[PDB]
Amino acid sequence: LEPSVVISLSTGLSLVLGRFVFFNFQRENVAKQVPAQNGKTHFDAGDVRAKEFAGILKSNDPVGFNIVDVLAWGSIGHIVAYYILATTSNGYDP
Amino acid sequence: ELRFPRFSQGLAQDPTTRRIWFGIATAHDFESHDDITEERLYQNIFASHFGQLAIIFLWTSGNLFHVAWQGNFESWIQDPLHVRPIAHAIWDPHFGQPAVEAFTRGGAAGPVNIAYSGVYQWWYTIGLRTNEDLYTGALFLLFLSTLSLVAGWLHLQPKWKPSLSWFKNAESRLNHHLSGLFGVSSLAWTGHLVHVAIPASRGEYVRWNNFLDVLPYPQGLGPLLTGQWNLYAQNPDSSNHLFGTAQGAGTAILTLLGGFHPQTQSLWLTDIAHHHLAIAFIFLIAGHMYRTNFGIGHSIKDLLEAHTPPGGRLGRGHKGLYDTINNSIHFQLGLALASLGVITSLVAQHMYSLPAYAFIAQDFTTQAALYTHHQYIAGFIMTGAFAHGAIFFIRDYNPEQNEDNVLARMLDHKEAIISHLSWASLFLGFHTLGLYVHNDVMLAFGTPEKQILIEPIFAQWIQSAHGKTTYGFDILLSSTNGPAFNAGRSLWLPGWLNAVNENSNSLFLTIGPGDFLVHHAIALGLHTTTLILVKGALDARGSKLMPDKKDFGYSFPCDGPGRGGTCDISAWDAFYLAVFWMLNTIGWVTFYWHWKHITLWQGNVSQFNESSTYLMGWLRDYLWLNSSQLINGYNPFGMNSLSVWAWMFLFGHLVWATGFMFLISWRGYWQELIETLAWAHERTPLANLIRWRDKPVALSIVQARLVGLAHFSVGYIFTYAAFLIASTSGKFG
Amino acid sequence: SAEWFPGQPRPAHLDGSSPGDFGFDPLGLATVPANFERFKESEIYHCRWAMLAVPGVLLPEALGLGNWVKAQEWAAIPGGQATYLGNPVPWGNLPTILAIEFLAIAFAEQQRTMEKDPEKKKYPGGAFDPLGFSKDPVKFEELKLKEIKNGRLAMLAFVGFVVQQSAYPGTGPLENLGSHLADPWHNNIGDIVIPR
Amino acid sequence: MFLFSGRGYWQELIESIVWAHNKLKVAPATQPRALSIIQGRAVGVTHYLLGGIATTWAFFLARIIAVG
Amino acid sequence: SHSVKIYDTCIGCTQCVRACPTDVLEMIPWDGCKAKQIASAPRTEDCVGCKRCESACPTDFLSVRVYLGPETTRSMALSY
Amino acid sequence: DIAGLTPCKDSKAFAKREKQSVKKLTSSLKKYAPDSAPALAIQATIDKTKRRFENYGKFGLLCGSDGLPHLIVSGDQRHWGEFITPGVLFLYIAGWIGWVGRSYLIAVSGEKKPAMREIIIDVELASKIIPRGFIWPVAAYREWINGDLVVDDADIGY
Ligand code: CLA
Ligand code: CLA
Ligand code: CLA
Ligand code: CLA
Ligand SMILES: CC1=C(/C=C/C(C)=C/C=C/C(C)=C/C=C/C=C(C)/C=C/C=C(C)/C=C/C2=C(C)CCCC2(C)C)C(C)(C)CCC1
Ligand SMILES: CC1=C(/C=C/C(C)=C/C=C/C(C)=C/C=C/C=C(C)/C=C/C=C(C)/C=C/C2=C(C)CCCC2(C)C)C(C)(C)CCC1
Ligand SMILES: CCCCCCCCCCCCO[C@H]1O[C@H](CO)[C@@H](O[C@H]2O[C@H](CO)[C@@H](O)[C@H](O)[C@H]2O)[C@H](O)[C@H]1O
């Protein structure tokens, strides 16, 4: 009913789920999925614009939580918040 | 690099006229050019795509400029049901005075052409109102067309050429094209609808000089940020609204009404806005699936390598398909062309039943033209898909790296596949032709009560499920007390049900036994065309009659008269045979559409319902009856405005027939004849002082097949277009 | 031979010393042992939930509180408020019910699959066997058999509940039993099987 | 159909159909073959002439009997 | 000019050499078959691409193969 | 009734069509002597027409707004005489023909030149195989069970 509370609560719950619940499964499935072409990654094959950025990925968090993860779970938080905030006044939607 | 063509030494040393023809025909086959590498192929393709964009922008800008300069858009805006829009002026010095008088129409001061493309309705629905707006649009498109050429020139210089590994980054391209090209474009168009077109449909004029001050909504973006989105729907337009005016206007921008606008007989604008907003959201979400540089995203190769049925019935599954697809451009072109053909047909089917442009539903000739045009384009695209798919098997397919996956097993059970397709075609042909002939005989002997008339019960049942009440079925949306009826009872069911049960529009037309028969004929066409193309593709690499076919390439004349004779054995020839069946099938589809609608618009449905069950009905009541005006465009007593169409009609019949000459008579007859003419010229005084420099020869075998099929297709199209336009516009305008 | 079908040969991959093996596998879905172990675990997990659910379907209907289907109706009413034993639930709001359930159950079920021991995967110890009954392996296996049997019998009963609910909308499980006891020779499955 | 095409396509199709007949023990000893090139041309011109001439025959006879 | 190739399934029957209308082929000694000879194609600049040689060959599949290539005055059989 | 259709025994358009056809026949009948052969032929045609309309009416067919009978093939048990029973008859006869053809081909393939027996039929042999199509559904089923109907994929070749 109050957006400034609903959005904060939804974002907090999504971040908690990301950092403490599904962290291991995501970080172990990611290691097995690296795009490649003819047995070599895109940057190894010659694409100079396919280099993986290194500055933004490092973090001092104990488990490796970073900014990209922050944005990935924060987006889910805002989307779910505005889903609940819309089917309250009058919304008959899935 | 010696002479034309510079890209082929084999053609450049040819001393005959064959050098010129073939030089034109292989210009855009970059893979076959001398000393070509993999990287230059991609770079040249990129430049050519920029060229296509420049040409498209020029075409659209020309349309806008000519309409603004010589049209009656402003006059048409005020009386859209009785004024005929103007395409462009006519300046022909061959004209006589009666033609000058006859072609002066639409309120113009000179002879003109009437437009049937529907651009007036389209441009009026999106908020354009004056000739100045059209001029600015044409100039802007002229700027974009120049931008395309400049970019194409720039990306072809050594400093600015992308590398080969750039063109093969599949995940990044998919992300950018899903998120940005589809979703963000939809967002921008929704913004245009909210800021410009919807206000224009209420008497408010927003342009580039005042759009900042005016608010699209009285309460602004407050409801969006706070989440009270339902405020954007609560005051929709009235049922007595006049489209260009403020009488009955509302204030909503996003609705879920359904049905049609009672005056314009088209979809509500707020529904289109909400639609594009939701679609934009879906694409924006879809575009985050794949991994580029940030440690998140799926991998396509790893997705393919995993989905393998553990029972072993699909061999090794999808293992190895990533490289097979990503290293072959023909595979990619085939997938893209197939998808585009399917959606071209879907566009054609959905634009006649659910019109989106104001006052276009009443313009019968325009609707007919659009449906026919897009169905023929779809047919050509569908044939091309299988053509480039067959090219894949010869040029790029590598057996060793596809061992025991689905693609190899397709080649493994080709006999079973082809035989079952043949059985389906035989069954449909035998029993459909038999029923038609039985009904014809019953009509001839004067006993119409002995016909075989099968009611299309399944389709009527589905129509009842969608809300139609004609057939007395009580199921789903046609029932009053059910979960499906209750769930949508307040959202969109009222307008939808009002639209479906109105029998003046073309939303779920009433159907009968004639519809049953013609639908099974259309199914026959689809199955047989697919048989021809699939047999071409799967036998491309070889068969029992020619086990080493892949060494000879995609297109070659034959393998000689030995082993029984081998005429028309290549895959190119299978494509050539399939194009005829494609034209046949699309002809059946468009004939059926046109006759059903022409009897709908005259208020005489029983004519179709009774004459369509036997073939003499089609010949007499559709073809013969609807030609009478067309063939009187000019006669011994004078001419009228249909004369051009009448002329075009005959033009078509000519080109068609000329094609027969190339298809029936073959090369050896013509070469012997040509030798005699060469002898005659070399022996004639006052004329042997002139010499040829390319030795004349008869056309090649494959070239003749191509030229004959081209004359056939051009004649086909021009004849039907003349008949359709003349027959409809003579009755309705 | 096969115990489920007397006079029938046993499957090649079956006939092992499993808790509940009767040689029944017509489709041969258990050829790979790595799939077979996870199928055993999945069977145990379905069995336990069905056994726990049967009383939860039979008790409220028998206490005159509404059948298992009508208890979900208040969630479809916009002003619907939950009730438990006739006492309204203050926090019966749908969003928090749908939120905390997901949030708690996700963690509770994510914890259980981090275990790597396959034998301990099906049957853990610690805080799940407070009284303790694994002291005797023979009686342990006997109890395992007597658990899997009742679990299969409970899954059958739940599927029967669903089908009988679909056959008679608006009714409950024990209502059908009462109707059957009222007219045994006239109220049976014959009417649905042979429809009028 | 006979005039516009060639026999290699049709023999290739017959191979697939013969596979299916072999599957069920009904492949004839008299091995099926497509028509020779000359026979294709002959069948084509024969059916073209028969159809055209008969069309005109029916047209003439109905017209002159009804109106004459 | 067309390309003509001979494969080692040849039985040295000599029918292809007799069938050629412009003298492209000839027989040479060999030790791989019972006839102790094999075909050869030393004069392919005079080939017209008629494929009579393929029509004459008895082995399955063929032992002489013709691939049509770039056209010349000789290969188009032009007398003018 | 079904799909908004009307039974032909209660359709006004059906009776109108019958009356129109009978009147058209009677107009021709009124051109000849009562005892001449053409008059008798026309009278026989009229009686046949009346019988046809009566039988269509009383066999339970349905008629549309045009006044012509329509067939129902969705499975409804009130119309099995329209498609299902004749379909069973068609399948039985077709199975008989195919079964006797296959059995002749199998019985004749064991000779020195089987093709000679395909352009010249051995009527003595065929007259012993023709009556056996009477029970083709049983024979084909038993042959399918024992694996004698189909050839394995590995064995298929010229
Ligand atoms: C967000 C970034 C972005 C964007 C906007 C584009 C845009 C484009 N790229 Mg891509 N590209 C990108 C990033 C991007 N790219 C990246 C990062 C890479 C490197 C990995 C590439 C690599 C790349 C290559 C190699 C090529 C392109 C090409 C193209 C063009 C495709 C042709 C076209 O115009 O289709 C237009 C398509 C649409 C508007 C969407 C389809 C809409 C369908 C048909 C439905 C329509 C529905 C609608 C209601 C109908 C209205 C009809 C109207 C009359 C009313 C297009 C301009 C091609 C090209 O032509 O380049 C010049 C090309 O060859 N791109
Ligand atoms: C996005 C679309 C697309 C693209 C990029 C390509 C690209 C390519 N195609 Mg593919 N193709 C497409 C669509 C496409 N195709 C479609 C829709 C079809 C089905 C009709 C085909 C069918 C096809 C075939 C059958 C073949 C190709 C081939 C080719 C290559 C070019 C050949 C060339 O230079 O022709 C040069 C162009 C011409 C000679 C012009 C031909 C014009 C025809 C005859 C009709 C012209 C009539 C004219 C308009 C009359 C006007 C009269 C007036 C009074 C109105 C190239 C790889 C060839 C290939 O790769 O071979 C290995 C090849 O053989 N394509
Ligand atoms: C009107 C012209 C016409 C007709 C009727 C056909 C018919 C057929 N074509 Mg052909 N075709 C045509 C034009 C036509 N084609 C043209 C112009 C082309 C472009 C070159 C092609 C190219 C083409 C290809 C490439 C293929 C076909 C195929 C087929 C078959 C499709 C399946 C089918 O309907 O089986 C039902 C059969 C029929 C409707 C044929 C007529 C049967 C008659 C009516 C039976 C009764 C005969 C009567 C008792 C005999 C009395 C005469 C005498 C004894 C006194 C069928 C035999 C496909 C095929 O072979 O599929 C298996 C196929 O692959 N056609
Ligand atoms: C979902 C629950 C479930 C699961 C995962 C299993 C799994 C297993 N069972 Mg168990 N079983 C179950 C339910 C289940 N069972 C029920 C309800 C009964 C009583 C009827 C039994 C009775 C039973 C016996 C008697 C035996 C097993 C055995 C097995 C093992 C080998 C068979 C196999 O591979 O199954 C894998 C199963 C699946 C992958 C599920 C496939 C489901 C399909 C796709 C749809 C089924 C729809 C259903 C038939 C609809 C009608 C239901 C209605 C009749 C009630 C395996 C560990 C054998 C064994 O050796 O155990 C150690 C053995 O002897 N089961
Ligand atoms: C614990 C901790 C900490 C803290 C942290 C934090 C506090 C964080 C936060 C975070 C956050 C807080 C995040 C967020 C994010 C977000 C996002 C990412 C969002 C997104 C969004 C979106 C995307 C949207 C969209 C949209 C629109 C635009 C419109 C309407 C619709 C929608 C809504 C859909 C620290 C550091 C001290 C360290 C220690 C520990
Ligand atoms: C040869 C070849 C090729 C080609 C291919 C092709 C050309 C294909 C095509 C294909 C096609 C052309 C297909 C199509 C399909 C379709 C489909 C599959 C559809 C579906 C649908 C659906 C499923 C729907 C549903 C529904 C409905 C109806 C209603 C509403 C709801 C829903 C949505 C559910 C390639 C390139 C690969 C390469 C290799 C070789
Ligand atoms: C209706 C719902 C009612 C819920 C009631 C509350 C249930 C709470 C259960 C909490 C269980 C916590 O689990 C706690 O004991 C388990 C068993 O010793 C430990 O688990 C550990 O021991 C297991 C048994 O030897 C082995 O598989 C492993 O060594 C390890 O998983 C957990 O590391 C510990 O955290």
Side-chain angles (χ1 to χ4, degrees), chain B residues 413-423 425-426 528 531-532 534-536 538-540 542-547 549 556-581 584 659-666 701 704-705 708-709 712, chain D:
Chain B
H413 70 296
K414 60 173 183 178
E415 289 88 11
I417 298 177
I418 292 169
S419 63
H420 276 84
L421 257 167
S422 171
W423 171 86
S425 292
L426 283 170
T528 304
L531 163 67
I532 300 169
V534 163
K535 182 202 167 303
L538 288 187
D539 283 331
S543 66
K544 278 221 155 299
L545 182 58
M546 193 171 180
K549 199 188 295 180
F556 60 89
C558 65
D559 210 27
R563 310 195 301 280
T566 61
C567 309
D568 279 332
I569 202 179
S570 63
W572 191 99
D573 305 325
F575 157 80
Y576 149 92
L577 291 172
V579 177
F580 292 100
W581 263 98
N584 187 50
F660 277 51
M661 176 155 60
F662 299 94
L663 294 167
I664 295 175
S665 65
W666 295 4
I701 306 182
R705 290 171 193 158
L709 179 61
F712 193 99
Chain D
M1 180 161 60
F2 292 92
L3 290 175
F4 289 174
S5 63
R7 86 173 298 271
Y9 171 88
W10 298 102
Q11 187 67 62
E12 285 189 344
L13 183 64
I14 288 177
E15 297 176 6
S16 285
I17 298 173
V18 159
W19 172 90
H21 281 70
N22 270 85
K23 242 299 203 191
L24 292 165
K25 305 178 182 177
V26 287
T30 310
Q31 301 185 86
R33 299 282 198 251
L35 309 179
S36 74
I37 304 167
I38 298 288
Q39 184 170 15
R41 291 167 189 162
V43 171
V45 68
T46 299
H47 289 64
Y48 190 111
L49 292 182
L50 175 55
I53 297 178
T55 302
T56 290
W57 177 87
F59 167 57
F60 274 5
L61 260 49
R63 163 76 174 180
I64 199 61
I65 292 181
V67 90

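In what follows, chains are A, B, ... by sequence order, proteins preceding strands, each numbered from 1.
Residue with the most contacts toward chain D among B:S422, B:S419, B:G564: B:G564 (heavy-atom pairs, distance under 4.5 Å). Taking D:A34, D:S5, D:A20 one by one and counting their heavy-atom pairs under 4.5 Å with chain B, the maximum is reached by D:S5. Ranked by heavy-atom pairs under 4.5 Å with chain B, the first of D:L13, D:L3, D:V18 is D:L13.
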Could you go through the side chain to side chain donor-acceptor pair (under 3.5 Å) check for B:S543 and D:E12 one step at a time?
CA-CA 7 Å; B:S543 66; D:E12 285 189 344; 2.9 Å; yes
CA sep, side-chain torsions, deciding dist, call: D:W19, B:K544, side-chain contact (heavy atoms from CB on, under 4.5 Å)
CA-CA 12 Å; D:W19 172 90; B:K544 278 221 155 299; over 6 Å; no
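Neither the backbone nor the side chain of B:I417 comes within less than 4.5 Å of any heavy atom in chain D. In this structure, no portion of D:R33 lies under 4.5 Å from any heavy atom of chain B. For B:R563, the part lying near chain D is the backbone, with the side chain staying farther off; criterion is any non-hydrogen pair under 4.5 Å. With a threshold of 4.5 angstrom between heavy atoms, B:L663 approaches chain D through its backbone and through its side chain.
Between atom NZ of residue D:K23 and atom CD of residue B:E415 there is a gap of 12.0 Å, rounded to the nearest 0.5 Å. B:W581 CH2 to D:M1 CE: the interatomic distance, rounded to the nearest 0.5 Å, is 8.5 Å. Going from atom CZ of B:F712 over to atom CZ of D:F4 covers 6.0 Å, rounded to the nearest 0.5 Å.
The two residues D:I37 and B:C567 make their nearest non-hydrogen contact at CD1-SG, 3.7 Å.
Under the 3.5 Å distance criterion, the side-chain polar atoms of D:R7 are matched with a main-chain donor or acceptor of B:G565.
Residues B:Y576 and D:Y9 form no side-chain contact, since every pair of their non-hydrogen atoms from C-beta on lies 4.5 Å or further apart.
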